[PDB]
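Below: the structure, in structure tokens.
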Amino acid sequence: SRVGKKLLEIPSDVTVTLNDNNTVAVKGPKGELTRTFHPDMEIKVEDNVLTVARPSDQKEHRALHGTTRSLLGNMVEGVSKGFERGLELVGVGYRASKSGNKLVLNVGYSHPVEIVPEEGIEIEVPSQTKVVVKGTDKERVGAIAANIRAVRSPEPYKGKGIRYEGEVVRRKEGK
Amino acid sequence: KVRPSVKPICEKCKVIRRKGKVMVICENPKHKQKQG
Amino acid sequence: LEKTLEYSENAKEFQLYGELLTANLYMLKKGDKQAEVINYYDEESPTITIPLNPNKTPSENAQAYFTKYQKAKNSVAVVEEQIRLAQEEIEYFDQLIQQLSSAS
Amino acid sequence: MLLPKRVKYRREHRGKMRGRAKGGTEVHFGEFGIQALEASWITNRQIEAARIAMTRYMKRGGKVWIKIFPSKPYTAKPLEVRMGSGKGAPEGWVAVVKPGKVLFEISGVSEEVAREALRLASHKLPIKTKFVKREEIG
Amino acid sequence: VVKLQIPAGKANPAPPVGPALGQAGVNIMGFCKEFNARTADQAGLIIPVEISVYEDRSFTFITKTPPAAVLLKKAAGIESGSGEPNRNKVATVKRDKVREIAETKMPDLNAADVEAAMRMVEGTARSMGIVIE
RNA sequence: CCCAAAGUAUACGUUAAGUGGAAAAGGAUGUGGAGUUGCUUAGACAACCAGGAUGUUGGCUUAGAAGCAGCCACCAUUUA
């Protein structure tokens, strides 16, 4: 009836550590993740499946069990498959550009837009409009997508600026 | 809009309690209400 | 009011033009005006028409024509009522002119 | 606008509002009503506002029974004068309402129509309100 | 595919068959004669015709049965229905032509038995305002 | 508890705001309790894979109301 009871099958080939004071390092083919946890939870790992168990029925533990199991699922999904957040630059003069590892956006400002990616996160620009960010952590690619959207928010009258996949902006009528 | 009478205007409105403050979020941005 | 009674017959032609535009509004939507229209009614096959529309929407121009037609038929009701009231008022005022003209 | 057209005395003591309602505690004319929880004077202007607020939303339905009447006058001395030198002139009329008293009575409509009409009436009143209905033991 | 109910006796001009076949990319006037050829023996009634679409601009039309509403107008005689059905009982249709109307709808309706079909067209007759008697 | 004399006393709960240590109408999926009621391992509320229909564009209605302007008895099948 809750997410802390369903099994989480991991693919081949990954492995997980069970270090003291609840520090979890996850190894895999596409990177490395390490997070610090809370000492109140006891974590146990079985054969090719991960389980998180609650200590009590309190509301803090009921939240924390679900958050821990969800972020472990995010780790095992990102270490083997990864996560992509696709963005589209809609407009007659909009362009994402590449100069080495630097990402350049030809947004209609009077100054060229440059954003510095962090380590382990890559951005590829295949075409006129569509751009793909690549990473192994959902938090980092979400922060990168938010930072890309922050330089130009989409305005409601016409489709301009940074836009995700399918999501409706509120259409307004001008004069 | 900031008012001490935060209420769901339409059926799509959802009442939430971010940061100890009663709030209403909705698909329509005109229905966004906060108190405190 | 009789001018609006002639505008009643004028509005019907506009409604017909809007219907013709609707049965043909699937192409040249962007900036649509003076587009030749093939006769949808009668065996007359009358000369292709060339409707001119403002830059709202290709459907909202025909829809605006159809709204003007609804207002026109409500006008057919109300202006005939107003003409009846106006002749009643003119008869009463001509009578009042008569009674004031011969009065002490 | 409710007021007596004749009174025995035009100036009266303000009285006290201790205890529960002496009468008019149970709903016995309409199906639903407002039961008072606190005691204060209710001005006939507030009664008129609540009555219009119920009657407008019940444009089709039964009539409203007004269980309270503003029989007690209150005097208001004119402004910017010294204290004393005689009691002032009467200004308006209020009804002494105690907790537990039924204020307005509605029958002949649906449940939610009556609840919303009583809520719109209660938002005009200066007292805490609650929704009550007839009980049939009986 | 775009399906539509085409009247038999007014299929020549630019109404209904015009803009439906225009957006498909075919000449309407070259197929109006083909429509009027197969709608000759059911003329005066509005017949739904399926309009299949192909990539090579060749079009073959699969005609359907007349609707139960139009067939009840044929069985009764009145053209336009009442303002409020089951409030102004304008007509009464006997059960034998009801059975005939139900039997006409064999090749398109997926009913296993004719009794199910006559129970369906009893329900369609109630929407007509027509007494099933 | 210390200033400041004497319990960082015992048992059972409650509050998470510095309420305690400043007021109301009104608003609110805060939380601890008490009591009904529909369902529930014949498998419950949500989530993910599929059906989401032909009589039928049900009628009146505006060109057009094709379930989704309005008024409307609001039915019948294939059936999981």
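Protein chains in written order, with PDB author numbering: chain G, 2 to 176; chain f, 2 to 37; chain R, 312 to 415; chain M, 1 to 138; chain I, 8 to 140. In this text, a Cβ means the ideal position worked out from N, Cα and C, and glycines have one as well.
Helix, strand or coil at residue i according to DSSP, with G and I counted as helix
| i | result |
| --- | --- |
| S71(G) | helix |
| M24(f) | strand |
| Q326(R) | helix |
| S134(I) | helix |
| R56(M) | helix |
| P26(I) | helix |
| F104(M) | strand |
| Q12(I) | strand |
| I149(G) | helix |
| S81(G) | helix |
| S386(R) | helix |
| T99(I) | strand |
| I85(I) | coil |
With 16 other Cβ atoms within 10 Å as the buried cut-off, status of residue i
| i | result |
| --- | --- |
| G23(M) | exposed |
| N93(I) | exposed |
| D48(G) | exposed |
| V27(G) | buried |
| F104(M) | buried |
| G84(M) | exposed |
| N364(R) | buried |
| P157(G) | exposed |
| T46(I) | buried |
| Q410(R) | exposed |
| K17(I) | exposed |
| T69(G) | buried |
| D14(G) | exposed |
Cutoff 8 angstroms: residue i Cβ touching any chain R Cβ
| i | result |
| --- | --- |
| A21(I) | yes |
| residue 1(I) | Nothing can be reported for residue 1(I), as the shown portion of chain I is limited to 8 through 140. |
| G84(I) | no |
| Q30(I) | yes |
Nearest neighbour of residue i, chosen from the options [CA to CA]
| i | options | result |
| --- | --- | --- |
| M42(G) | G5(G), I11(G), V77(G) and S13(G) | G5(G) |
| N107(G) | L90(G), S71(G), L9(G) and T37(G) | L90(G) |
| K104(I) | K80(I), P14(I) and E91(I) | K80(I) |
| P30(f) | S6(f), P5(f) and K15(f) | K15(f) |
| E119(G) | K103(G), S128(G) and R70(G) | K103(G) |
| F325(R) | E392(R), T360(R) and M338(R) | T360(R) |
| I124(G) | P113(G), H112(G) and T137(G) | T137(G) |
| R141(G) | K131(G), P127(G) and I122(G) | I122(G) |
| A39(M) | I52(M), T25(M), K98(M) and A21(M) | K98(M) |
| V97(I) | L52(I), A21(I), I137(I) and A44(I) | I137(I) |
| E112(M) | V96(M), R10(M) and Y57(M) | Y57(M) |
| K72(M) | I42(M), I137(M), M54(M) and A53(M) | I42(M) |
| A346(R) | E355(R), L331(R) and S356(R) | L331(R) |
| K340(R) | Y351(R), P369(R) and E402(R) | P369(R) |
| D21(G) | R164(G), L9(G), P40(G) and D14(G) | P40(G) |
| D48(I) | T70(I), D63(I) and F38(I) | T70(I) |
| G86(M) | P4(M), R11(M) and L3(M) | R11(M) |
| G84(I) | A31(I), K101(I) and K40(I) | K101(I) |
| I127(M) | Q46(M), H28(M), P4(M) and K59(M) | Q46(M) |
| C11(f) | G37(f), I17(f), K35(f) and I26(f) | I26(f) |
| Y74(M) | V81(M), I68(M), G88(M) and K63(M) | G88(M) |
| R14(M) | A95(M), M1(M) and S122(M) | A95(M) |
One or two residues paired with residue i in a DSSP bridge
| i | result |
| --- | --- |
| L88(G) | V132(G) |
| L9(G) | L51(G) |
| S71(M) | Answer is none; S71(M) lacks a bridge partner. |
| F32(M) | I106(M) and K133(M) |
| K28(G) | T16(G) and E33(G) |
| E125(G) | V133(G) |
| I44(G) | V53(G) |
| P90(M) | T75(M) |
| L363(R) | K344(R) |
| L106(G) | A97(G) and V114(G) |
C-beta neighbour in chain I for residue i, strict 8 angstroms
| i | result |
| --- | --- |
| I349(R) | yes |
| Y403(R) | no |
| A375(R) | no |
| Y337(R) | yes |
| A334(R) | yes |
| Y328(R) | no |
| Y352(R) | yes |
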